[PDB]
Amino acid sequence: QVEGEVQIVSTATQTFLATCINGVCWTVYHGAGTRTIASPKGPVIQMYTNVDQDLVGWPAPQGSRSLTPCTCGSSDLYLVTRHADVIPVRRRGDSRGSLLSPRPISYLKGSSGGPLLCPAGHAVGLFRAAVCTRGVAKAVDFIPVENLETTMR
């Protein structure tokens, strides 16, 4: 009965990530569309849709536990891939961070909607897109967490 904060999810076409934060299982619009999420009682509809911010959220499913939004404001971040690799990332602006070690783009495929955590492992943002020179991912775009809290209100 171990519970995960991060779910690995799939449409017919893509395969990507979702993250539970504050009781809600968020992911990316460009992956999810307005699809329902499956449950064994049948489909469950999106609780939040925000086409602007590439942000969708359902009610967190069974076998899941939520993260808490980062409150320490640290700039040292860690991306979690869909292979459960951890990537150190240094916060630039609000939604930009740069990999302390840049790497092949294939190393982050299937990982949008993955989280970015502070030193405390609390949630800083969801990962949206890769800044990159040919071949090589160098920084990341991510939905910041305050966007979630104010989609919730």
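Between two forms, the rigid core is the largest collection of C-alphas that superpose within 1.5 Å. Residue numbers run from 1 along the displayed sequence.
Which stretch is more displaced from the shown form in 4 other deposited structures of this protein, 59-67 or 115-123, with RMS over structures and residues of Cα positions after a rigid core fit?
Farther on average in 4 other deposited structures of this protein: 59-67.
*Comparing 142-150 with 1-9, where is the mean C-alpha B-factor higher?*
Here the higher of the two C-alpha B-factor means belongs to 142-150.
Give the stretch, out of 114-122 and 101-109, with the larger mean C-alpha temperature factor in the deposited entry. It is 101-109 that shows the higher mean C-alpha B-factor.
Specify which of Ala38, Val51, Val28, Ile87 carries the largest Cα B factor in the deposited PDB entry. Answer, based on the entry's C-alpha B-factors: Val51.
Would you mind checking where the Cα B-factor of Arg128 ranks among the modelled residues of its chain, as the lowest, middle or highest third? Tercile = middle for this residue's CA B-factor.
Query - CA B-factor placement of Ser66, once the chain's modelled residues are sorted into thirds - result: CA B-factor rank for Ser66: lowest third.
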